[PDB]
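The deposited numbering numbers the first residue of the sequence shown as 2 and each following residue consecutively. This report refers to the structure that appears directly beneath it.
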Amino acid sequence: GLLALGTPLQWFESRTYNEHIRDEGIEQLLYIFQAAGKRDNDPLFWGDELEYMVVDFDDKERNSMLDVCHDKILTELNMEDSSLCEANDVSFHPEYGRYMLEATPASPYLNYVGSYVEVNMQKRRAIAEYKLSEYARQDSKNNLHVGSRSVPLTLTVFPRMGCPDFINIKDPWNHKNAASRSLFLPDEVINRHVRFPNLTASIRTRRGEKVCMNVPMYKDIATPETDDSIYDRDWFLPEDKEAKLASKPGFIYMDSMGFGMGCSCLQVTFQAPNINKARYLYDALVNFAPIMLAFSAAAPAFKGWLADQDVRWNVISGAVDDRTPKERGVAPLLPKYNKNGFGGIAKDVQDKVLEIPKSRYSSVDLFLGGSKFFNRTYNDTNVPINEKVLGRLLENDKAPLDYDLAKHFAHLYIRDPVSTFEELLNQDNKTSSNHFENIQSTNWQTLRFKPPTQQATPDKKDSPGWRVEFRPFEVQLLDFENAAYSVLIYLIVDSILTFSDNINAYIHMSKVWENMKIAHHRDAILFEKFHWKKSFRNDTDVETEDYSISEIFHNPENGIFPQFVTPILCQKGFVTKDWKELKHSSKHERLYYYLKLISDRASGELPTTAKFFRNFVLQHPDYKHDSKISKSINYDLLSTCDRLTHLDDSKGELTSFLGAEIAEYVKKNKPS
Ligand SMILES: Nc1ncnc2c1ncn2[C@@H]1O[C@H](COP(=O)(O)OP(=O)(O)O)[C@@H](O)[C@H]1O
Ligand SMILES: CCCC[S@](=O)(CC[C@H](N)C(=O)O)=NP(=O)(O)O
Ligand SMILES: [Mg+2]
Ligand SMILES: [Mg+2]
Ligand SMILES: [Mg+2]
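Written out as C-alpha cells, the structure reads:
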C-alpha cells in the first residue's frame, strides 16, 4: 500500500519534539502491552518482502540505467489497478529508491504453503512487468523513452550507482541536489514520497557531515591507489569539502543514503504464539543473521568498483548513520562547520549526548531473554541505554516490564526521531502507535521484534500478534532462490517454535557481532569460520567453536540441516529420516531442489550471486584489471541477470549459475 500524505518537519524544526515523541511513543507502547500482552495461540502466519530495482536497458547504447521515470507504477497499483493486485494476492509499496519497488503477498502465508511463496513472488513480478509493458505502449505512442526497455530485477546492489549515465535522466546535474548533497547521487534517485527526502536531509543535518561509507576496494594488478571518482565541487558547504577528508586510499567512497537504502534485500516475518515465544524465537535467530548474510552474499561491487567484500550490510549501516562525531568519539572533519562535533544536536541537550558504538542501522544489540536458557551475561557488549525510558518501562501503571525487555526498548530509545510530520505531533496514545513506530521503524537491525497495535486484543484472533522479522538476507535474482531462502528460514523458525523446550541457541552477543564483521569478507562462504554453538540441545551449555559455513549447515551435532531442518521435516512427516528423501517425493520435489540449492551453495559447490557477479566482471573482455565496472561491463552483466531471472539458458548462463541439475529442473518445472 501507498504511503499517506504529510508535511515533514526539517531537522532544525523537528529536533525540538524529540523528547515529546519518545515520551508519547513509550506511552503508546505501554498501551500496546496492556492491550495485547496476553495474546495467545496465535497461528504461524508469515510472509516475505521483496525489493526490486527497475532497470532501463538502452540496448543501442549498451547502457543499463536505473529507471527513475516510471515510479507512478506504485500509485497506479494502489489505485485503479489495485483490483488486479487483490485478485492476485499481491501488494506493492514504496521504498527509499525512486527506481525501486517493494511487494509482499496481500495476506500472510499460514504454516507450510509449499511452492506458493514462489508462485506469489512470480505474480508480483508478472504484474510489475505487465505495468511496465503498458508504459512501453503509451511511451511509444507519445514518442517517449525511445530505445528503452525497463525490467524489474531483484538486484541487491546496482553495480553502477552514482556513476556517469546511471539514471535515465538527461543531464541530472543541471540542478543541485539539496537533499543528499551527494557528489554522486542526484536526488532523483529518491522516491517522491516526502518521508524519503526528509530522512535524507534530517540524518545529514543531525550528523553535521555527509554519511560516509568506505568499502575496501578489490586490489587488482592495475587498480588505482585512490577512488579516482572523487572530485572537488562548490555547490554546498560544508559537504563539498568533506570527501578529501573522509575518503581513504584503497577504499570506495560513498557519501549518500541511496548508496545503502538504494540497495535491496529479502526479508521474512513470522508470528509466534504469544510474546514469550516471540522473545524466545527472536533470541534464537540472532546468530542465524550473520550466517545468512554471509551465505546469501549478492553485493560484490559498489559505485562502479569491485569490492573486497561480498554483502551490502555495512554500506547500509553507514548510509543512515546519524551519529555526530561526538557520538562516534571522533573529531568533526570540518570543526568550523561541525561545532564541537555535535552536528545538528540542540545545545540545550548536548549535555545528554552519549557515545554510541553502532549505527541506528546495525546488528541486534540485546537478547530479550525471558526464556529458560537465557542468562543476562550473554548480553556482554557495549549497549548504551536511555535510562529515563528504562525507568518508565519498569515502573508504570499500564504494563510494568521485566528488566531485560525494558533494556531492549531503552536501547532503541537512545535515538532521535528523523522523520516527523507536523500533523502527527499529538496523538491518541490509546489507539495510535505512530510515535512509537517513529523510533521502532528507524532502528534497523538484523531482526526486529514487532509489537502489535492496541487494537490487537486477545479476542480478535485475526489481528497481527507478536512478530519476529528476519532482515539480513541479500535479495537474489530468481524467484526460485528467494522462495528457497524464504522457506529455509520458515523451516528453521518452525523448528525453533516446535522444539522450544530443547533448543538452547544462546551464545555471547560479542561473538555474534564478530560474526557480522566476518560475514562481509570476500568469499567468506567458501573459507571463513564463524563462532557457532557446539550443541543446541544442552541446558546451560553456551560453548561455541569456529565452523565454516559448510559445517554450520551440515554438521550432525550443530548444523542447520541435521538439527533444524531435518528434524522439522521428520516431525511434519515429509520424510522418515533425511531431507534428501524429498528428491523422490511426489508432493515435495521442489522443496528438495530448494534445499539442494541451499546445501550446494553452503558447501561451495554452487556460487553465490556475489561470486557469480565477481567472476562475470573479472572474466569480461573489456575488464581492465583495475577493479572498474564500466557501462559496458555493467550492461552485459545486467543483460545476463535479465536472462537468468527469466530462466533463459540460451547462452548456458543458468546452467553456469545454478549447475545443470537445478537449471534443468527449474526450466522444466514451474511452481504450482
Ligand atoms: N500476522 C502476520 N504475521 C507475520 N507476518 C505478517 C503478518 N501479516 C503480514 N505479515 C508479513 O509481514 C510483512 C510486512 O511487510 P511490510 O508492510 O513490508 O512491513 P515492514 O516494512 O515494516 O517490514 C510482509 O511480508 C507480510 O506478508
Ligand atoms: C528508508 C526505509 C528503509 C525500509 S527497509 O528497512 C529497507 C531495507 C534495505 N533495503 C535493506 O536492504 O536492508 N525495508 P522495510 O522497512 O520494508 O522492512
Ligand atoms: Mg516493508
Ligand atoms: Mg523494505
Ligand atoms: Mg520489512
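Think of the CB as a built atom: it goes at the ideal place given N, C-alpha and C, for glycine as much as any other residue.
- Distance from the C-beta of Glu470 to the nearest heavy atom of ligand 4 is not below 7 Å.
- Ranked by how close their Cα comes to the Cα of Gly251, the residues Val55, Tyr53, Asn277, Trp306 have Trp306 in first place.
- Closest in alpha carbon position to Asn505, among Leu286, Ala180, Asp60, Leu355, is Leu286.
- A direct Cα-Cα distance of roughly 21 Å separates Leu186 from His146.
- For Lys530, the enclosing beta strand (DSSP E) begins and ends at 530–534.
- For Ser15, the uninterrupted alpha helix (DSSP H) segment begins and ends at 12–15.
- Between the alpha carbons of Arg361 and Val419 lies a distance of about 11 Å.
- For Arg538, same chain residues with a beta-carbon under 8 Å away, outside a window of 5 residues either side, are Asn503, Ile504, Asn505, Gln564 in chain order.
- Partner residues in the beta bridge of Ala302, as assigned by DSSP, are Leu307.
- Taking the C-beta atoms as reference points, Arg193 is found no nearer than 8 Å to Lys211.
- Cβ-Cβ separation between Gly371 and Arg16: approximately 35 Å, too far for a contact (criterion under 8 Å).
- In this structure, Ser65 keeps its C-beta atom at 8 Å or more from the C-beta atom of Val55.
- Under the DSSP definition of a beta bridge, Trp236 lacks any partner.
- In this structure, DSSP gives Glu356 a state outside helix and strand, which the three-state scheme calls coil.
- Taken in chain order, the unbroken stretches of alpha helix (DSSP H) that lie wholly in the segment 485–573 and span 4 residues or more are 510–519, 525–528, 550–555, 567–572.
- Counting C-beta pairs with one atom in each stretch, the segment 282–296 and the segment 191–209 have fewer than three that are closer than 8 Å, which means they do not touch.
- For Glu438, the Cβ stays outside the 7 Å cut-off from all heavy atoms of ligand 5.
- As a beta-bridge residue in DSSP terms, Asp59 pairs with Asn64, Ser149.
- In the DSSP assignment, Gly392 is bridged to no other residue.
- Residues whose Cβ lies closer than 6 Å to any heavy atom of ligand 4, listed in chain order: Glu50, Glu52, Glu96, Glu103.
- For the set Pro568, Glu52, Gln268, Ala302, the Cα lying nearest the Cα of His522 is the one of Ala302.
- Rounded to whole angstroms, the separation of the alpha carbons of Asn288 and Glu240 is 38 Å.
- In the three-state DSSP reduction, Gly342 falls in the helix class (H, G or I).
- Note on geometry: alpha-carbon atoms of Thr656 and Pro608 lie some 12 Å from one another.
- At a Cβ-Cβ threshold of 8 Å, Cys213 and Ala247 count as neighbours.
- A check of alpha carbon separations from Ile490 across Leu478, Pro473, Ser318 identifies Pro473 as the nearest.
- In this structure, DSSP gives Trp580 a helical state, which the three-state scheme calls helix.
- For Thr270, the Cβ falls inside the 7 Å cut-off from some heavy atom of ligand 1.
- Contact holds between the segment 256–267 and the segment 145–164, because three or more Cβ pairs, one in each stretch, are under 8 Å apart.
- Distance from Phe410 to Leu30 at the Cβ level is roughly 7 Å; contact confirmed, criterion being Cβ atoms closer than 8 Å.
- Going by beta carbons, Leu133 and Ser149 fall outside the 8 Å limit.
- Shown here, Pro9 sits in a strand according to DSSP, grouped into three states.
- Separation of the CB atoms of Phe528 and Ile553 is rounded to 13 Å, and the pair is thereby denied contact status at 8 Å.
- With a threshold of 7 Å, the Cβ atom of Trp314 does not count as near ligand 1, since no heavy atom of the ligand is closer than that.
- Within 7 Å of the C-beta of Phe474 there is not a single heavy atom belonging to ligand 1.
- Every unbroken stretch of the alpha helix (DSSP H) spanning 4 or more residues and falling wholly within the segment 239–309 is given here in chain order: 244–247, 276–286, 289–297.
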